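Presented as structure tokens, the chain that follows is alone, the form deposited in one PDB entry.
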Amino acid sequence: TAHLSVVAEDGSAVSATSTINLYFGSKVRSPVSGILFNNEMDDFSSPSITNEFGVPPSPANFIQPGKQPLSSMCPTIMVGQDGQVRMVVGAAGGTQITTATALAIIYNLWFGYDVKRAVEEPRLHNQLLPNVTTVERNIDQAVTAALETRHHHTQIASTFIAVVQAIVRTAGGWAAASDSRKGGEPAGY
């Protein structure tokens, strides 16, 4: 998955998330066309396959011909009361996309971090099942402590949690950020 955020000069905006699902999708590349085919069928629930210990399949997300599988993606545009775009944001990274998108919004809108900080700030994730709070490596360890004394079982993400691209309206114009976890860089004029 990859997320992209765009604000044009007239103030129109696009938040776009796109995916072939797993790294290199199905692993089927066409020798003639070069197209790498998605494995999006894997986002459906299956009655046979048990993903997580003790976790039943979700019948609402079973395969039917013509049906679209559930997705964690959530490309988002926040618009001010005056009709001007305030934030263009989204994420890549499995079930962590939604929580990471939540985090970036929380970080900017409520904690008051600038867009770059909001993107670079450590993240955490819990999805109920499995029953564990995953924190990034450089998280404030007072947060870790506060979670563990409250009986959360935490564990450290071996890589990183999600990838966020974002744009925010400021006094100066549009502040933009690409996540250093993947190595993107913004551009504009």
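Rigid core (definition): largest C-alpha set, two forms, superposition within 1.5 Å. Residues that one form lacks are left out of the comparison. Throughout, we count residues from 1 along the sequence that is shown.
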| query | finding |
| --- | --- |
| Mean Cα B-factor comparison, 11 to 19 or 165 to 173, giving the higher one as deposited | 165 to 173 |
| Mean C-alpha temperature factor, higher of 50 to 58 and 150 to 158 | 50 to 58 |
| Largest Cα B-factor, entry values, listed residues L124, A145, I63, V132 | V132 |
| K67, C-alpha B-factor rank within chain (lowest, middle or highest third) | lowest |
| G93 - which third its CA temperature factor falls in, relative to the rest of the chain | highest |
| Chain third (lowest, middle, highest) by recorded CA B-factor, residue given as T101 | lowest |
| Relative C-alpha B-factor of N38, binned into the chain's lowest, middle or highest third | lowest |
| CA B-factor placement of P75, once the chain's modelled residues are sorted into thirds | lowest |
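Omitted here: the form deposited in another entry. The next part is about that form.
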| item | value |
| --- | --- |
| Rigid-core fit between the shown form and the other one, the member of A142, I49, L128, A60 whose C-alpha shifts 2 angstroms or more | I49 |
| Stretches between the shown form and the other one where the CA atoms of at least 3 consecutive shared residues shift 2 Å or more, core fixed | 48 to 55 |
